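experimental structure and sequence below.
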Amino acid sequence: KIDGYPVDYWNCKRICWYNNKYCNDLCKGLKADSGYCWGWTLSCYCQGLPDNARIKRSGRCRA
């Protein structure tokens, strides 16, 4: 059970896709039921994912 800012795959989306629920569906895939993106500049923010969740991976748009 971990919480933080999960990204997509190459961090090409500033660690946050775009819409609010747009990150909840992907976060839910990582078991992060409560997953919402800050529509401002705080990247995505989901809680309830595994310790191996992919968040704060750093690295510029890898794609």
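Now that the structure is in, tell me what you want to look at. Numbering: from 1, shown residues only.

so what touches the longest strand that the chain contains?
Looking across the chain with DSSP state E, the single longest strand is strand 44-49. Under the contact criterion Cβ atoms under 8 Å, 6 or more residues apart in numbering, strand 44-49 has outside partners 1-7, 15-17, 23-24, 27, 30-38, 53, 55. Any C-beta I mention is one placed from the backbone N, CA and C, and that applies to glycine too.

just the ones in strands from those, please.
Applying DSSP E to the contacts of strand 44-49, the entries found in strands are 2-4, 34-37.

buried ones only from those residues, please, as a PyMOL command.
Only the buried members of the ones in strands among the contacts of strand 44-49 enter the following PyMOL selection, criterion being 16 or more other Cβ atoms under 10 Å:
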select buried, resi 2+4+35+36+37
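
could I get the ones in strands among the contacts of strand 44-49 as JSON lines with distance to residue 60?
Shown next, in JSON lines, are the ones in strands among the contacts of strand 44-49 (distance: Cβ to Cβ, whole Å):
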{"residue": "2", "distance to residue 60": "24"}
{"residue": "3", "distance to residue 60": "24"}
{"residue": "4", "distance to residue 60": "19"}
{"residue": "34", "distance to residue 60": "28"}
{"residue": "35", "distance to residue 60": "23"}
{"residue": "36", "distance to residue 60": "24"}
{"residue": "37", "distance to residue 60": "19"}
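
closest one of the ones in strands among the contacts of strand 44-49 to residue 59?
Closest approach between the ones in strands among the contacts of strand 44-49 and residue 59, by Cβ to Cβ: residue 4, at 15.6 Å.
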